[PDB]
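1. What would the 3D arrangement of this be:
(chains A and B, ligands or ions: 1)
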Amino acid sequence: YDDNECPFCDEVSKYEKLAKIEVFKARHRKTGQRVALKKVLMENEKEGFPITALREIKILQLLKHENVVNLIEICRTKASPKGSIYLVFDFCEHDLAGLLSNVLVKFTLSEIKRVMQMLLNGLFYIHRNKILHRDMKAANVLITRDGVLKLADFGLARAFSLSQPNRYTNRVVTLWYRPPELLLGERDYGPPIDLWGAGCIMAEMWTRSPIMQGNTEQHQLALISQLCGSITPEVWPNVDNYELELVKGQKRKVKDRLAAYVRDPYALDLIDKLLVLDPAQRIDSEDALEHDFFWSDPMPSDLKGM
Amino acid sequence: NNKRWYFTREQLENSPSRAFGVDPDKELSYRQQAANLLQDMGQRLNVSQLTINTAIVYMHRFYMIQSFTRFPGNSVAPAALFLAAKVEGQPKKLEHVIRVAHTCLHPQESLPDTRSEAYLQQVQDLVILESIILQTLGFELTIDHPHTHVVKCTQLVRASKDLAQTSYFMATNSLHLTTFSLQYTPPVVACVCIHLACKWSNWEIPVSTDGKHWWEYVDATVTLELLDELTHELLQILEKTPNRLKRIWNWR
Ligand SMILES: CCC(CC)c1cc(N[C@H]2CC[C@H](N)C2)n2nccc2n1
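-> Residues are numbered from 1 along each chain as shown, chains lettered A, B, ... in the order given. Structure as follows:
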């Protein structure tokens, strides 16, 4: 019936809803701190409390790090006369997609470098705990008032551990930011699907534009096959253990196409090391973090887009 | 914190079950009984022992907040499983958990119709309590168990097929028969389980050549005063638990 007894669950109404990003902005009615609240659950959910929730909830609790959005707590509603259960996050001023689409806020290479260092370290941490993100897009990169980069939408995030051949989720990520392995239906993949995404998001700092917009899945495969060339056992050893399709007679042009918008020699390379077909030949986070785009002048600077 | 779900002996004395007129010893029996159900139910569902243990921990924490007069052992346990299943990644259909729950508790009675309001309610009650136990625990669902620390520790002190799996069994039983889950940390519990398993399997482990005893490598907050205090508590309750020690008793 009721419970009227709960020490570690809060009532959400302590936070005061303002506006929606079911994701609200909010403020605590005593401390006056800004938070974001995320509703859950539905009539669709006809098999106990959502497990997908419990996955996300459990992940957010596990992940605590500079550049990974914080779950403050999970507050709950009262008996039905808002409703359900809410996930409380430290509010993050701006996302990345909004700052790019926004023509005003323009960054220095100095400011652009740091952004990445926060992200890739962010990825480093989450992968370190054996949790894939599986949804790398510009809108999922949050940034604070101080200028602290965070990551969002760990709804899709899954715990991983490669033992035998394992069976991971097939169609994940946004289709634009989706990588090759996934577009052939790879179901035993690992972190560097994200590290791909990061590359798409990195270039998107300059292009200010989703760099690949494949409507069909082979339209996606086509736009990428312009970049990497033909899909070869040459470039990707044993690419022919899966998948005829199209556009397997191209030639490469990673840097040269987007070169006019980077200008930086060091950066062009970093993009191209993330944007490879083979995941075994797709630069890991550490390799990038220790790369000499991060240790070159002008060096990374703190955010102050204003 | 790391001391929220941990308690003194007098903290256990003044549990919610007490203030609703239920004895200290009677409560333990209310608890011990929830495990046996969780265990039996768990076996019929083919879920892990882990899942079953994790289900027992939720209930052990749960009745530190709620009272058994308020919520029955039998109404909570199928929820604690259904959840623990999903938590530990062996999700069971809600229909499935209800079948089992029913035939356990009501063996003669064949299950009601799946259309009847009877069933559809005993459906809801479960969904209800799942939500309630999430709130009670504050969605703190990840459980470290004393087994993890044993399995490592046994290898790291080359234990036999015997002493190792005996030690594992002691831990499994340190959840059913006692409130060691609520008082002491998993690593401490692990040592108790091995220290008894040794005295029982008549094999006191050699100390390392440094000079540190074996238990010092598992958790440094441990001492022989404490192990010999606790192992005795657990041995006794096992002595009382019928044909329990027979499962680990050597007939040769
Ligand atoms: C895709 C946006 C996701 C939705 C889950 C988001 C957005 C914000 N903040 C917004 C405010 C305005 C900018 N679009 C970023 N926050 N803040 C904490 C958590 C969180 N999550």
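2. ok, now which ones touch the residue of the stretch 1-150 of chain B found nearest chain A?
-> Closest to chain A within the stretch 1-150 of chain B is residue B:138: 2.5 Å, counting by Cβ to the nearest Cβ. (C-beta placed from N, C-alpha, C; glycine too.) Residues in contact with residue B:138, defined by Cβ atoms under 8 Å, 6 or more residues apart in numbering or on different chains, are A:6-9, A:73-74.
3. what number of residues lie near residue B:239?
-> By other Cβ atoms under 10 Å in any protein chain shown, the residues close to residue B:239 number 10.
4. I'd like to know which elements whichever strand or helix holds it is packed against.
-> Residue B:239 is part of helix B:224-240, with elements assigned from DSSP states H and E. Applying 3 or more Cβ pairs under 8 Å, 6 or more residues apart in numbering or on different chains; DSSP states H and E, we find helix B:224-240 packed against helix B:161-176, helix B:186-200.
5. Can you tell me which of those helices is packed in deepest?
-> Highest mean neighbour count among these (mean count of other Cβ atoms under 10 Å in any protein chain shown): helix B:186-200, with a mean of 24.
6. gap between it and the chain center?
-> Here helix B:186-200 shows a centroid-to-chain-centroid distance of 15 Å under the convention Cα atoms, centre = their mean, to the nearest Å.
7. go on, stretch B:179-198?
-> 12 Å.
8. Report whether that stretch contacts chain A.
-> No. Judged by Cβ under 8 Å from any Cβ of the partner chain, stretch B:179-198 stays clear of chain A, getting no closer than 14.5 Å.
9. Could you export the helix or strand where residue A:97 lies as CSV, keeping only the C-alpha atoms?
-> If you go by DSSP H and E, residue A:97 is part of helix A:96-101. Coordinates of each C-alpha in helix A:96-101 appear next as CSV, following Å, rounded to 0.1, in the frame of the first residue of the first chain:
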residue,chain,number,x,y,z
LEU,A,96,29.2,20.6,-27.0
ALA,A,97,26.7,20.4,-29.9
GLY,A,98,25.1,23.7,-28.8
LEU,A,99,28.4,25.5,-28.7
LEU,A,100,29.3,24.3,-32.2
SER,A,101,25.9,25.0,-33.7
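10. which helices and strands sit right next to the helix or strand following that helix?
-> Next helix or strand after helix A:96-101 toward the C-terminus (DSSP H and E): helix A:109-128. With contacts defined as 3+ Cβ pairs under 8 Å, 6+ apart, helix A:109-128 has these neighbours: strand A:149-151, helix A:192-207, helix A:285-289.
11. Helices along chain A, start to end?
-> Taking DSSP state H to define them, one finds helices in chain A at A:51-62, A:96-101, A:109-128, A:180-183, A:192-207, A:217-228, A:255-262, A:265-274, A:285-289.
12. In JSON lines: those, plus distance to residue B:92 and mean neighbour count.
-> Output for the helices of chain A, formatted as JSON lines (distance: least, Cβ to Cβ, whole Å; neighbours: other Cβ atoms under 10 Å in any protein chain shown):
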{"stretch": "helix A:51-62", "distance to residue B:92": "11", "mean neighbour count": "18"}
{"stretch": "helix A:96-101", "distance to residue B:92": "40", "mean neighbour count": "18"}
{"stretch": "helix A:109-128", "distance to residue B:92": "29", "mean neighbour count": "20"}
{"stretch": "helix A:180-183", "distance to residue B:92": "30", "mean neighbour count": "22"}
{"stretch": "helix A:192-207", "distance to residue B:92": "31", "mean neighbour count": "24"}
{"stretch": "helix A:217-228", "distance to residue B:92": "35", "mean neighbour count": "18"}
{"stretch": "helix A:255-262", "distance to residue B:92": "50", "mean neighbour count": "14"}
{"stretch": "helix A:265-274", "distance to residue B:92": "41", "mean neighbour count": "20"}
{"stretch": "helix A:285-289", "distance to residue B:92": "37", "mean neighbour count": "18"}
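13. In the chain, which residue is most central in space?
-> Looking at chain A here, since you left the chain open. residue A:136 (2.9 Å; Cα atoms, centre = their mean).
14. Actually, chain B is the one I wanted.
-> Nearest to the geometric centre of chain B sits residue B:175, at 2.8 Å (Cα atoms, centre = their mean).
15. give me the number of residues near the residue nearest to it when sequence neighbours are not counted?
-> Excluding its sequence neighbours, the residue lying closest to residue B:175 (Cβ to Cβ, 6 or more residues apart in numbering or on different chains) is residue B:56, at 4.7 Å. Residue B:56 has 28 neighbours, counted by other Cβ under 10 Å.
16. With residue B:142 instead?
-> Per other Cβ under 10 Å, the neighbour tally for residue B:142 reads 11.
17. Relative to residue B:240, how far out is residue A:76?
-> Counting by Cβ to Cβ, to the nearest Å, the gap from residue A:76 to residue B:240 is 40 Å.
18. ok, the two, which is more surrounded?
-> Neighbours were counted for residue A:76 and for residue B:240 using other Cβ under 10 Å; residue A:76 has more, 19 against 10.
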